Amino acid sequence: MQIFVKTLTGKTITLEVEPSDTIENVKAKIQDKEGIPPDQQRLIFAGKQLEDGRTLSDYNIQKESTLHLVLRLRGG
């Protein structure tokens, strides 16, 4: 399956995933493609901040869906 992850700038990252892939797995793929730590990553879908332990299928994220990458830095 294939989903898209959009960055502030507008860059779109395309990832090959499975409906059962957790958000944790996706953050791992984002660290591979963006060099950003899963702890620093924040994923948004339909205005909801996703939880790492839930799978894409748990959030009804279908083929071609777009997620938004937000940054969460410990203290700044």
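We call the rigid core the largest set of C-alpha positions that still match within 1.5 Å between the two forms. We number the residues from 1 along the sequence you see.
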Line up the rigid core: which moves more in 4 other deposited structures of this protein, 8-16 or 62-70, by C-alpha RMS? 8-16
Taking the recorded C-alpha temperature factors, which stretch has the higher mean, 52-60 or 18-26? 52-60
Averaging CA B factors per stretch from the PDB record, which one is higher: 43-51 or 30-38? 43-51
Ranked C-alpha temperature factor of residue 69 among modelled chain residues, by third: middle
